[PDB]
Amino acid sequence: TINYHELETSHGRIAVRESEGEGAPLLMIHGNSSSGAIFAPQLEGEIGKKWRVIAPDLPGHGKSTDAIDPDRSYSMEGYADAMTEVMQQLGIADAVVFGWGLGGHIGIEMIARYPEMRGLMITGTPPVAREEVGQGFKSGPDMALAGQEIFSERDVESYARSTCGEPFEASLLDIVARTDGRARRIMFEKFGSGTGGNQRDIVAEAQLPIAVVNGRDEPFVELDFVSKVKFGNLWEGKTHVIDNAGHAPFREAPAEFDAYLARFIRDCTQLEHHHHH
C-alpha cells in the first residue's frame, strides 16, 4: 500500500515513498549509503497507517539518480536543500522530521531552511561541531567507511551489518552497493571543512522540539556525549535509550522505537509550542 513516485528536482530525480496515512506528515530521512526503503517498519506499520510518512532517497542513494552536481548536493547542507525542495514540491511545509544518522545531521541543517518544521527527532546522530567529531562518534573500521569512496564487496557487507543491526537482510547489500561513493567522500570532507552551520550551536538555539532516541548498544555514537548536548527544547527533557538495539532501533526494536515516534508526533502536532523570539 506504499505510494512510490519520482520527482524531478534541481538535484536530480528523487524517489519518494509515502504511507497511506491521513494524519499529520512525517518526513523520514535515511542515513549514509542507505535509502528510504530502510523505513519499511514505519511505512508499512502502525505509524504509516495513521500518519503520512514520507521516505525519500537522497541524491546518489537508493532509487534516486546521482546528483546533477555532486559539489552542490553531497553535503549535510546540500541534502537539507534537496529535502526542502522535495517537501516544497509535495506541498508540505509543516512536517515533523525524523533523521537517522547522516539523516539526523541533515534534519539539523533543515531547521533554518524549513521554518515550519513541527519537530525533529534524531537517531544515531550526535550534534557536533567539526572539532568535536571524536567526542561524538566511536572510532572503528565501519565508522572509517563512512567517508570512503570505493567499497569492496566486503566493505558493503560490513557497513550494512553494522549500520543496520539485527536482522541482516540481503536486500541491504543492494542499497549500500548502489550508493554513489563520491557522496561519502565529499560529505565527509565538507563536514570537516566546516561548510555548513555549527550543529552544536544550532540545536542549542533551536526553539522547536528536538527528540533524541538511540539504541543502548550504539556502535557509532557516544551516548554519554549525546546525553550532555545542550538542546533549546529537548523533548521530554532527556535523551532516550532503547535496550537491545544499536544504530537502527527503528528496525531492530520497532515496537519500542515506534512508541517514542508516535508520542513525539502527537506532542508536536497536538500541543502548543511557542517561539518566544
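Note that residue numbering follows the sequence shown and begins at 1.
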Assert higher mean C-alpha B factor (41-49 or 210-218, deposited values) equals 41-49
Averaging the C-alpha temperature factors as deposited, the higher value of 242-250 versus 27-35 falls on 242-250
Here the Cα B-factor of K63, set against its chain, lands in the third termed middle
Quick tally, chain-level thirds of C-alpha B-factors: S152 sits in the highest
Of the three thirds of the chain ranked by Cα temperature factor, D224 occupies the highest
Assert third(CA B-factor, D174) within chain per record equals highest
Of the three thirds of the chain ranked by Cα temperature factor, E166 occupies the middle
